[PDB]
Amino acid sequence: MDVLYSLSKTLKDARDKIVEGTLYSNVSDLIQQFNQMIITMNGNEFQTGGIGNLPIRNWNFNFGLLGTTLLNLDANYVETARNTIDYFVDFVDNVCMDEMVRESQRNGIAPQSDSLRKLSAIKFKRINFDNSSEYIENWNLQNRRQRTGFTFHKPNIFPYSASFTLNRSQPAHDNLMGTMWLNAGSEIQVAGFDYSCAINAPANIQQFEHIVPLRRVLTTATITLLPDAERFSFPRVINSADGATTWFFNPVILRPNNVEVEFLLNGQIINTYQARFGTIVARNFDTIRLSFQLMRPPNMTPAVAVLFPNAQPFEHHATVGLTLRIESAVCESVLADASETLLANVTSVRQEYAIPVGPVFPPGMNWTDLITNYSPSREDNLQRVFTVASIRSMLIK
Amino acid sequence: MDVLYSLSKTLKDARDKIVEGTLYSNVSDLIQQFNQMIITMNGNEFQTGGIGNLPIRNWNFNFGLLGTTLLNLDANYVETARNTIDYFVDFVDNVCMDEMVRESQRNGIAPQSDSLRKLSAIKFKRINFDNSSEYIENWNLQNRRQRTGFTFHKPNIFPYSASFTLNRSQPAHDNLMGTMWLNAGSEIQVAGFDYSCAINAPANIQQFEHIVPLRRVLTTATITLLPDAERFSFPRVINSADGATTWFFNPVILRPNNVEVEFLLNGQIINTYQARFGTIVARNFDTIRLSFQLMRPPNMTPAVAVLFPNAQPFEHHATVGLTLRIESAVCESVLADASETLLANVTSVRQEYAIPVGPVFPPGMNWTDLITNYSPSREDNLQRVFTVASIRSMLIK
Amino acid sequence: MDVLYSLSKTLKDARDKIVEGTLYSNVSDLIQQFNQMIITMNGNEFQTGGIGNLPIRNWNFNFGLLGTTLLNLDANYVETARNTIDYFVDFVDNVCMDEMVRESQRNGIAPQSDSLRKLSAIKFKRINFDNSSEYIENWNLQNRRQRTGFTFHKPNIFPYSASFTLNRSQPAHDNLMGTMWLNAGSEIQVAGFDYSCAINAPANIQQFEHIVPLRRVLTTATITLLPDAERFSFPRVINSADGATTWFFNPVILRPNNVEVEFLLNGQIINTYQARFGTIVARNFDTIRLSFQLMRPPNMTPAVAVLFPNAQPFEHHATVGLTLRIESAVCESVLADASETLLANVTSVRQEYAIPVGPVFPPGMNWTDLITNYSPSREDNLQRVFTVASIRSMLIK
Amino acid sequence: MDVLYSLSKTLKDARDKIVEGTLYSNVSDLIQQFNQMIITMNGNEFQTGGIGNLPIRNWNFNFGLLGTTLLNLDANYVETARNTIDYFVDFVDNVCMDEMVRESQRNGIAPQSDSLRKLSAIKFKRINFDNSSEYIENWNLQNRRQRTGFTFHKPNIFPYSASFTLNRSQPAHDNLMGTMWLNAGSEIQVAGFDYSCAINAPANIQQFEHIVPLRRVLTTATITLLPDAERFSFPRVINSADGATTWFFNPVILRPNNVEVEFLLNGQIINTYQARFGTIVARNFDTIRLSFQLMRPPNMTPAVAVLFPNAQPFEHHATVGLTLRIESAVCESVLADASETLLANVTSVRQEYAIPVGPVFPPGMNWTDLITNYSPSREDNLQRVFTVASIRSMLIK
Amino acid sequence: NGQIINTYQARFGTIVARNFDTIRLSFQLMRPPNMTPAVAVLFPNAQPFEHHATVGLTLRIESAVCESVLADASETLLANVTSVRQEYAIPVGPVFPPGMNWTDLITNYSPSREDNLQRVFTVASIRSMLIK
Amino acid sequence: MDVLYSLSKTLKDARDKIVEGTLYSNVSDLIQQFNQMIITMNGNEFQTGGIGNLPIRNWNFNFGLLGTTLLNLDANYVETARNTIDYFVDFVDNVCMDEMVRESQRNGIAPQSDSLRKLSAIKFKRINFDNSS
Amino acid sequence: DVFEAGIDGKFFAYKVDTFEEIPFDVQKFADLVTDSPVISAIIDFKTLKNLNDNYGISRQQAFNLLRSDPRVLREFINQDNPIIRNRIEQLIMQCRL
Amino acid sequence: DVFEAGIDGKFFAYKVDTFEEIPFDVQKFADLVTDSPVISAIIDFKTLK
């Protein structure tokens, strides 16, 4: 697969640097590379197809060498090059798909296609140009136990799970208090709600806590914190946890006090924040804790008076809110994001050829269930397949 | 185009590399490239401008060949180089500005400025290094009839379209069944609503459909499905279509049931997504279909009982909806999106030089106009102007 | 300053080109510059650290040349490169780290540490392979006194600001009429409101005016303007001006009328947009003005006639809104953002070793406050730190 | 890293493989090895000590070499050697100490100790005597990214937890029905208690369940399953679930029936066994599920009749119990065990010299909180310090 | 020796001690501040007692090091030597206790015993190196 | 059987001693042994699988002998050796896996798989390096 | 060189640099006490030695703790550091009337 | 590190030697003024400068 990125970036240099009129030295490091591949590619038989709807394709290579005496390229040279460039692109695309269309609980850090497995040994180790993209360099640095990290913008690290919790309730549902949260994608929105306006609370204070576990660790994370909840702010109806009945919720918003953000690692409060909205920085964390309280306002005006009655028949519902969204990260394992097609590429190639789902990846590559049981086996498999997808994406135009 | 891109990219390279002290051997090839650019320019005179507020500007070229006898660069040589390259970037910005302003109904894939048209010659063809930009690369490919695609973050593929259509409307609009939708940028917010609250039709459930067409086809799109319609979710006063009166809207959002999301190509299913929200992928599509049902609660507590009376006068109106976001995508055509600096530059050079608006684009370059009436000829004009724009933004930050 | 970035970039290109097998003619230039830096750097002793918790670490270099005359790059060269690589990696890491967190109240573009000030001397003006990155490009060009530039996606230029000003006050809060805007990140969500629908204002018209300055000059922005305030349509209970009680804001929405959005520079209308909704280009401005109107509906159906009482008590306040979202921009200095993760990097670095609060930046790099008093000193200091942060990012994520 | 293991095992072979008398051939290899190690170690100034209370120490090396041509060993040889022998022993013990209290939040695969970080330079990589023992072997294989693991007698893998699930209860506490379970080290003892003796349940049978999620994936382990829990079979007084009082519990044992053990991996059943006791095998798993049942006997006898009525007043509650102990396993992630002195040595070093504490570890290397929040970065740091501890356990106690 | 080398208060699970020759456990029993009815039964403020209370603590040593050889749980040294003794029916010498019971052997640890044990265990490990 | 153990111990000690840098000398004997293993195993063909869900694997040996031009280990030597040891160790994996699932009645001291019974050949008897375990 | 005594039935002596106990003397002790300023112990020796072991120690911090300084005390309380909390709660549970 | 806060709403922070104007962190003042003795600013920061 290292050889695969080699072939891929080389064919890309071929498509991007061999054009009419260019001076030979400007493609020197190019040509002396490509023909070298012809030196090792000729007479070598490859097989593909035999898994999925990938058709059987047998590959032999007998194309000669490119000219070296010509100074400034013309149409003839570049056309004769492209003639076999397209063949090489097709072959590499197919073996890419091959490595994509299988998984393994047996460590997925080894090649999975017989093609690449054969290509692996010493008789082809003379295939390398360089590494210039994050994926192949990360692969190399990981198989050698050095520093490793992918840069993501707007990544999904929260399994989308929309639910709620109850602390004070009854069947009639005219005394409720609890908290509703939603972590969808990279977007967390939490809201504590009360019906009694702390009329029974010690000194008009009600506490609220929320815990979320990250599926993997982040560092140097930039996040933005906003002082309300832009989703749970309208009258609605919600089922019960038993689906028998349906209760009401007519929210009216207060401003939450003593908001508390704790980005925690292993139990030590790593990054601490008291009421710092806007952007914030979490240098290293993998668990998020959100703490606050509903405080009953001390002094009241006539509108505010009628809304929250000391009496028992209530009308409106008090709510504190909070919102969070991650805007980038440097992480030690690949995650889907808003700037990648690799997840898209792999879904597409799988869906073109109706591959029966195996024992590791989830059916149809559904993201939430995928991240749900995120296993070290799975993480190795996924980094492999996304390196495959990056090989693909750097070639498909 | 390609010759201008080469000029720009090599000025970038040099000005980023031509610096005192460093070793000549790092740039010697780029030095010879600079020398050939010098020799192809000397002896010739160019003209640029002649329209809008742009004054006519004539340009002559008299520059000696670059020195090579040094081993490490000194001050004076790099200063002479920069003295040259300043005039050069002047010329570049001039020819770019001339290109982005000139346009015509016929043959909108070709040069438009006399200077660039003369640069399209074969004697000016030898000045090439490469094509590293996504834009110039895809331009080259579209010149050679291949399949091309741009990777954009939040494309503006959706024309701004805030329209509401009523299935059952009354003189007083208290038995109103219809649908609203905001289509702006990559934001779809659809909301189907009925005042009957699912009490008249069979199955005690009200269907809602909406379909959005795209004048192009996208590939490798990442799509977030948020189960609500945010903006159509608070009291509102809206005009009627004949403007004979206005009507009132006090909504109550329910849960959406049996969502069906359809990414279709030419009306044929390629992506179906059911009962699932969150992040998904669309490898290929041209039409989006949202379908969903409102299901009146078969069981309800006294509050929910009164909020919908089983009689005719309705006082709280049931509404459900969905939210569709595209984080990124790839297209065959060129688009406008949420990270480009180019449509801005061309709009600015048009207004600043105050071109009398011709039949090529709406005045002020209304993007909603362009993506409302979106034809291949205008789109090739747009790809040309974005080519010249990416050239321009390479040399004056 | 250029010297450290250059060392970093050359080591980067080395690490990214050094690999087994490749022909000696493909990185030969790299080999030369490699051994060149080695010779030049010999005999030079250094000490970093010496503040905070960043420990003191000493560097000595006795490394010889690595230029074994080979024909295909070998594993011996692989490991001889990789060891030198690890060494220079940790060197540049720790020197940049100590460069970050010490600061000067004056001369915020000069070196702060002993090591850096050493690296400024002529006796290291011998290895300057290349300088190729937007940050270092602005660095060089500001040494060139010439117009710097940075291109950002979603520049959060608006400091967090939630405020509301009251044109007409009533101690019982029943004839309040005024304005309220949220400046959050790159969003301006403004909303005007009146209780009477201007039954007492002249000509059945109300006008609200909105002016927002910036912290610098901003240039070439793409903007989206949407005609309904998402945030400020919620039933809210908002605190008093004298912070003694609260008052109920109960909204209904109309269409915003005669919308005029203008960008001015030194108080002169430079760009103007009326009856324009959707995406817009701003060329060069400092002050943004929004003028909007309240126009009572010319006629009504029974719904709004119920809604608006001409009798005294108003229970449905009329309110219009606007949302302005800046997607991209180009600027004459450094600005925090979502794209370039640098601010998070500086915050992580500073928090890790518990530096005493930098006597220039407000504590905690709280970006709201940081951008409030964005002053020439702060300009220079954030410039230095973000350039060196982008530098350190090239090797360790 | 491995250079340290070279040092250690070389000094072991020094202390021991050389005794008075032997023939030159038997140690000739080692004598040449050591003379080269000597000519290596000299000529490089070292400072070791200066963290916590470990004193700064200057180190230089200058010593003659060893007899290279001999017939039979004489005491003068060992006398000349043992001095510098022990000196090296002392220095390498200092290396171990100086290393084994460092912290690193984002690293832990490269050196972090001053003399050590100097010593992993390639200029000394001529001393790699042989890498033959569990920890160094696993290290030098983790570098080359293969399948790895350690074998453990009594692995301390289940975090200690004394918690109890309640399924039927009332604040009078006379009809408890639930499950208790205790976890420590390698063993898990569970019991399920019924007050009712399944007198009101369906089908004269009642169910008990238990889930144990590990924190790392094991493989190929021995499980001793004994069907009579001992730790939960006696009159106990335990405190309430939220705490206002205590409550009592007087069980009596019966033998379980229809028990089911399952070891599942990533949500998939790998091993499943029915009512089999004694010793069983685990191959690939991280989750344990136990599910068993208690039956009211079909027929009784006098005492059995007095102890199991249908009535309210219960006085002898019944129970079922299981003991599952993992005796020996093989794993990937390093775990403190009960077969060596490694974690003990770690904690002794940490206590010995008053290290500055950070979240890179739980304070004091107390094993509970550590395995609670087992983090791969902490795992890296831990593996490093553990290998160095084992290295120390080869020289000195 | 009477100098405190390591302490812990209410640590539970796994601990470490670097060097020690005397272990001490100090621990307290308190009445719960309140009882429920059944719990109020077992603890009347009166004299007649019919159920007694307690607390219990388990101290287990898995791995250790000693400057003196010990009979441990992962070898066959003591068993092998004593089996030799039993095979050939030796009359006990004065420096060993009869029956070679490890306990009484350890009760009154005096150096000469340790010297002879070290020698016999060395030769026993030797003998084991031939009969695996 | 014992030939498998010699193989296994030799591969393990190779991984434990033939890694970048080390002296020619203290592995030189192990180099000679590696070379003799190459020689004797050169030319034959091995087969596994065909039983249960075990995949059918074919094994050929054409890995050339390792030279003697060394003073200290270099990573090129390392890689050309390791990509050989890889094939070897996976072969040994398949061997032990085709072995440990076999069965017999009143014959438990005799090899049972086809691979090992072929390994009872007369030429393999140079691969007996050690029996320390 | 610090020494410590209490009615509890113990007696300690140790050194300021490292709290590695020193065997005790009862004759310099009485003199130093009867004249020199006496500091009310609030963190006992068990706690000092342990806090040394499992937690970081600064010679500054050490001078402060032996001084029973408010700052180090309160900061320790706020950091959830359990051993000092347990000692303080033991002191509380001593005030039982 | 010196911090001076006044009733009216004047707040200042600075160093020992140069008395350079330094921005004010609320959390520092909070961790600081709780326990350690307090000093009456008979001289303020302005007359001091």
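Structure: see above.
The next point concerns unusual backbone geometry. Residues and elements named next belong to chain C. The residue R145 is not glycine, and still its phi comes out positive at about 60°. You can see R145 is positioned in the loop between α5 (134-143) and β3 (150-153). Note on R145: relative accessible area 83%, which makes it exposed.

On to the interface of chain C and chain H, then. With 4 residues of chain C at the contact, the number on the chain H side is 4 residues. Summing the contributions of chain C and of chain H, the shared interface buries around 430 Å²; its carbon and sulfur component is 66%. When residues of chain C are sorted by the area they lose upon contact with chain H, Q105, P359 and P363 of chain C head the list and together hold 74% of the total. Here chain C and chain H share 0 salt bridges between them. Here chain C and chain H share 1 residue pair in polar contact between them. Residues that form the side of chain C that touches chain H fall into these classes: 3 nonpolar, 1 polar and no charged.

The next subject is the interface of chain B and chain C. Contacts between chain B and chain C engage 42 residues on the former and 44 residues on the latter. Carbon and sulfur atoms make up 53% of the area that chain B and chain C hide from each other, which totals about 3,800 Å². Where chain B packs against chain C, one counts 6 salt bridges. With a closest N to O distance of 3.9 Å, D86 of chain B and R144 of chain C form a salt bridge. Where chain B touches chain C, the interface holds 14 residue pairs in polar contact. Only α1 (2-17), α3 (75-101), β8 (236-239), β9 (246-249) and α7 (342-353) of chain B provide two or more residues apiece to the side of chain B that touches chain C. Here the side of chain B that touches chain C gets 7 residues from one element, more than from any other, and that element is α7 of chain B. Tallied by class, the residues present in the side of chain B that touches chain C amount to 14 nonpolar, 17 polar and 11 charged.

For the rest of this paragraph, the subject is the side chain of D98 of chain F. Residues and elements named next belong to chain F. The topology assignment puts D98 in helix α3 (residues 75-100). One buried charge, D98, has no salt-bridge partner; the nearest side chain with opposite charge is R102, at 4.4 Å. With residues up to four places along the chain from it excluded, the contact list for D98 reads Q47, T48, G49, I51, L54, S113 and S115.

Moving on, we get to the arrangement of the chains. A gap remains between chain C and chain E, which never touch, and the nearest two C-alpha atoms on either side lie 29 Å apart. Chain F shows no contact with chain H. Their nearest C-alpha atoms sit 54 Å apart.

Bringing the environment of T179 of chain C into the picture now. Residue and element names in this part refer to chain C. Within the element layout of this structure, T179 appears in strand β5 (residues 177-185). Considering only alpha carbons, one finds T179 and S169, 10 residues apart in sequence, at a separation of 12 Å. Residues contacting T179, with those up to four places away along its chain left out, are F164, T165, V190, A191, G192 and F193.

Residue and element names in this part refer to chain D. Taken as a whole and judged by the stated rule, the model has 86 aromatic pairs over all chains. Ring centres 5.1 Å apart and planes at 85° place the aromatic pair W59 and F91 in the edge-to-face group. Of this pair, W59 sits in strand β2 (residues 58-59) while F91 sits in helix α3 (residues 75-99), and the two are 32 residues apart along the sequence. Taking relative accessible area as the criterion, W59 reaches 8% and is therefore assigned buried.

Another aspect to go through is the pairing of strand β5 (residues 177-185) of chain A. Residue and element names in this part refer to chain A. Within β5, 9 of the 9 residues are buried, which leaves it mostly tucked inside the rest of the structure. Two elements, strand β4 (residues 158-168) and β5, share 8 bridges in a ladder whose sense is antiparallel. Bridging from a neighbouring strand, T165 pairs with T179 of β5. Pairing analysis gives 8 bridges linking β5 to strand β6 (residues 187-194), with the strands arranged antiparallel. Among the inter-strand pairings, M180 is bridged to a residue of β6, identified as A191. Here β5 folds back onto β6 in antiparallel fashion, the turn holding 1 residue.

Cut-offs used in this document
- Residues numbered from 1 in each chain as written, not as in the entry; some residues may be left out.
- Chains lettered and ligands numbered in written order.
- Part of a larger assembly, values for the part shown.
- Heavy atoms only, no water.
- Helix = DSSP H or I, 4+ residues; strand = E, 2+ residues; numbered from the N terminus.
- Buried < 20%, exposed > 50% of the residue type's maximum accessible area, 1.4 Å probe, protein only.
- Contact = heavy atoms within 4.5 Å.
- Buried area = accessible area lost by both parts, 1.4 Å probe.
- Salt bridge = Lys/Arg side-chain N within 4 Å of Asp/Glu carboxyl O.
- Polar contact = N/O pair within 3.5 Å; in protein donor to acceptor, adjacent residues only side chain to side chain.
- Nonpolar A, V, L, I, M, F, W, Y, C, P; charged D, E, K, R; others polar.
- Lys, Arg positive; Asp, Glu negative; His and termini not counted.
- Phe/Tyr/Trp six-rings, centres within 6.5 Å; stacked < 30°, edge-to-face > 60°.
- Pairing = 2+ DSSP bridges.

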